[PDB]
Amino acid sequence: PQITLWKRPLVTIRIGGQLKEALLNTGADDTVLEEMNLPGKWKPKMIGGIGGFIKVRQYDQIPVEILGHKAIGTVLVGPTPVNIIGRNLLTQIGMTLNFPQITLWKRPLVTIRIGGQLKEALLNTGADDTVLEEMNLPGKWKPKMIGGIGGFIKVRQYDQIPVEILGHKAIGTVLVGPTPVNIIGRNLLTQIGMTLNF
């Protein structure tokens, strides 16, 4: 089965006996669910995203059913804006990125060429938009706020910027700001024909 990225890759999961909607997120190392009760022991942990760090409860060896596939692993619970299924569980259910095939054992980092520079960037199905580290691109831009795990950051929005990714040409909106990692979001993933497969 194949999941395209023109919309957010949302799926129903079953966890602790309950159904929930969650986002299949190649940009997350970990699985993070909104405030809920889970049985058993847990430990306090901190995780980070765009916007900064948040406190979560780490529950280990939790069973989670996703797209009819059973995973058993770490589930973090905390003030995430969206329920997220990260690579820790995507790998268990055999999910890969395809356009060539990219497994999710490691962060899916690839070289992109943009505004005449080469940079490493994260292929991120949990990102609507493409966000790059600070760079002085020419052209008109307009300010924008984008949200992630820890809150919002201010970015500059540039339109119709050519980006080559894995040898595929793309052209579209690139946001530039103080992101901790360069992110390729669905706006450009769809253009290079990337899908999620299992």
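Start at 1 with the first residue shown and count on from there.
Novice: On mean C-alpha B-factor from the PDB entry, just flag whether 141-149 or 161-169 is the higher one.
Specialist: Taking the mean C-alpha B-factor of 141-149 and of 161-169, the larger value falls to 161-169.
Novice: Identify the stretch, either 10-18 or 176-184, whose C-alpha atoms have the larger mean B-factor according to the entry.
Specialist: Stretch with the greater average CA B-factor: 10-18.
Novice: Kindly indicate the residue among 26, 130, 31, 136 with the greatest C-alpha B-factor in the PDB record.
Specialist: When the deposited C-alpha B-factors of 26, 130, 31, 136 are compared, 136 is largest.
Novice: Identify, among 92, 111, 96, 125, the residue whose C-alpha carries the highest B-factor in the deposited PDB entry.
Specialist: Among 92, 111, 96, 125, the highest C-alpha B-factor in the entry belongs to 111.
Novice: Just say lowest, middle or highest third for the CA B-factor of residue 74 relative to the other modelled residues in its chain.
Specialist: According to the entry, residue 74 has a C-alpha B-factor in the chain's middle third.
Novice: Considering only modelled residues of the same chain, in which third does the CA B-factor of residue 55 rank: lowest, middle or highest?
Specialist: Middle third, going by the recorded CA B-factors of the chain.
Novice: Test of reading the entry: by CA B factor among the chain's modelled residues, which third contains residue 100?
Specialist: Within its chain, residue 100 is a highest-third residue by C-alpha B-factor, going by the deposited values.
Novice: In terms of the CA temperature factor given in the entry, to which third of its chain does residue 81 belong: lowest, middle or highest?
Specialist: CA B-factor rank for residue 81: middle third.
Novice: If you rank every modelled residue in this chain by C-alpha B factor, which third holds residue 64: lowest, middle or highest?
Specialist: It belongs to the middle third of the chain when residues are ordered by C-alpha B-factor.
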